[PDB]
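One chain comes next, on its own, written out as structure tokens in the form deposited without the ligand.
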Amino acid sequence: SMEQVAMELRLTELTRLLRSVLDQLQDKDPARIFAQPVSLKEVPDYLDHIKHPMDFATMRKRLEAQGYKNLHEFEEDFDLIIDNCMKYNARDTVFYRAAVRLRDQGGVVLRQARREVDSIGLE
């Protein structure tokens, strides 16, 4: 149908916007602490602590499959990256501190992203 095509165009445009958002968020992690999944070889007990692991590479996979239907779903995954890190790691670690900085700097980006999604009407 023409409607389904229109819906798919909207999703494709959302995916384009979120790809820009993802790139901006990841630029706020130049240490690449959050770039890849935590290794279960190097941290074998990780899943005892963290029930829903997340990282930028896993987000990018979902994004390119157009698996984010709205900005809320994308934000949920970003918050998982931050929140998982701040539970597993103590306050005095480079990991926890990187997550705080990413959260703070990311908030700016996500604030305007919400406005753009609402304005352009992409969801």
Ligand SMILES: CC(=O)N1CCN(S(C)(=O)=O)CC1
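Heads up: residue numbers just count along the shown sequence, starting at 1.
Asker: Quick check: 87-95 versus 39-47, which has the larger average CA B-factor in the record?
Answerer: Looking at the recorded C-alpha B-factors, 39-47 comes out higher on average.
Asker: Would 97-105 or 7-15 have the larger average of its C-alpha temperature factors, as given in the entry?
Answerer: According to the PDB entry, the answer is 7-15.
Asker: From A65, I33, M59, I81, pick the one with the largest CA B-factor in the entry?
Answerer: Going by the entry's C-alpha B-factors, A65 comes out highest.
Asker: Quick check for you: using the entry's CA B-factors within this chain, is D29 in the lowest, middle or highest third?
Answerer: Its C-alpha B-factor belongs to the highest third of this chain's values.
Separately, the form deposited with the ligand bound exists; it is not shown, and the next lines address it.
Asker: Looking at the partner-bound form in the entry with it bound, is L63 within 4.5 Å of the ligand by any heavy atom?
Answerer: So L63 does not count as contacting the ligand.
Asker: Answer for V43 alone: is it within 4.5 Å of the ligand in the entry with it bound, judged on heavy atom distances?
Answerer: Taking the distances in the entry with it bound, the answer for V43 is yes, it comes within 4.5 Å of the ligand.
Asker: How about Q26: is it within 4.5 Å of the ligand in the entry with it bound, going by heavy atoms?
Answerer: It does not: once the ligand is placed as it appears in the entry with it bound, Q26 has no heavy atom within 4.5 Å of it.
Asker: Whether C85 contacts the ligand in the entry with it bound should be assessed with a 4.5 Å heavy atom distance threshold; does it?
Answerer: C85: yes, in contact with the ligand in the entry with it bound.
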